[PDB]
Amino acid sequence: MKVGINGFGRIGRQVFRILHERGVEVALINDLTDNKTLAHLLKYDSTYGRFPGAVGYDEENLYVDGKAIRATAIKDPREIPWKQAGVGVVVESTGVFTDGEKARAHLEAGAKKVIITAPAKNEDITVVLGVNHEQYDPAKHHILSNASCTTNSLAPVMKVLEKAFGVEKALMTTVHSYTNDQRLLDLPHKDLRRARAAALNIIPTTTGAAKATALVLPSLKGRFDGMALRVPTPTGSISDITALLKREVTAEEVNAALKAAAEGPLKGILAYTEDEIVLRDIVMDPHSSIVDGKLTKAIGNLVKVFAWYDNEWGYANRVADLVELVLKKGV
């Protein structure tokens, strides 16, 4: 019962480091490049620095302080040796198999459990650690999704605002660091905005993060939606939640409430703070959501809350977190 990663990219590599630093052992790693490039990308990372440990590689492996790890370049899921490596849980992070209909291929090649690191489709269950994980059935579920980084920042907040003040309606905006899914200079893209130079523009882009948060929380079904603004930053994001509660409240109420959750039930997932912070202050923070108290606004029953989150490292800690759970309640 070992882990495997398909899509050793931005998310893959972060999840790997976390799993490493936790003890979990990754048996195989598949991507589309030669193990040389994989070793160099793991070793030197532009956002989180050098890999804590020794990195080596040959035609068929990668070595992490000696321990070998199979590294393949198979672009067809069904053709990945998850079998002859004993890989049970797979972290599908290529961003191209976001639907069980296709990601099932990992099972019909060995794997016993598959975690899609992105908003999936036709999966067994989309889970947001801290919102609906206890709702995982090892018998029934086998193809999971860890939702999206935005969903993971919204959910812990919408949950607390529900079991305290109740939520009628909510619109949200997220100012998000760019990702490899955008373009460096104007170039073809299916989204005519993500096609524009990413480090030059503030780019408006759709996000199902909100509606998706309406599934892990049926409470907000059809009554929660949002927008996204890609901005010139390599990592780090903030969610702008504007929700109409079910009773007039004050910004100070809202906070002590989210603060409560932070230091109690949602501990480790949600965090609360009143410090004068900026983006670079939350980069590499494990949490899913970090509430900026001082920004909390409240005009009667119409509240506005802000939640910082590192769309890369934080999300990756949840993905690795999910692999632990799946392994603890394996099949």
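Heads up: residue numbers just count along the shown sequence, starting at 1.
Between the stretches 23-31 and 275-283, it is 23-31 that shows the larger average CA temperature factor. Averaged over Cα atoms, the B-factor as recorded in the entry is higher for 56-64 than for the other of 35-43 and 56-64. The entry lists C-alpha B-factors for 142, 190, 230, 183, and the highest of these is at 142. When the C-alpha B factors of 258, 105, 197, 202 are read from the deposited coordinates, the top value falls at 105. Compared with the other modelled residues of the chain, the Cα B-factor recorded for residue 49 ranks in the lowest third. In this PDB entry, the Cα temperature factor of residue 238 sits in the bottom third of its chain's modelled residues, the lowest group.
When the CA B factors of the chain's modelled residues are split into thirds, the value for residue 135 lands in the highest one. The entry lists a Cα temperature factor for residue 164 that places it in the highest third of the chain's modelled residues. Ranked by Cα temperature factor within the chain, residue 93 sits in the middle third according to the deposited record.
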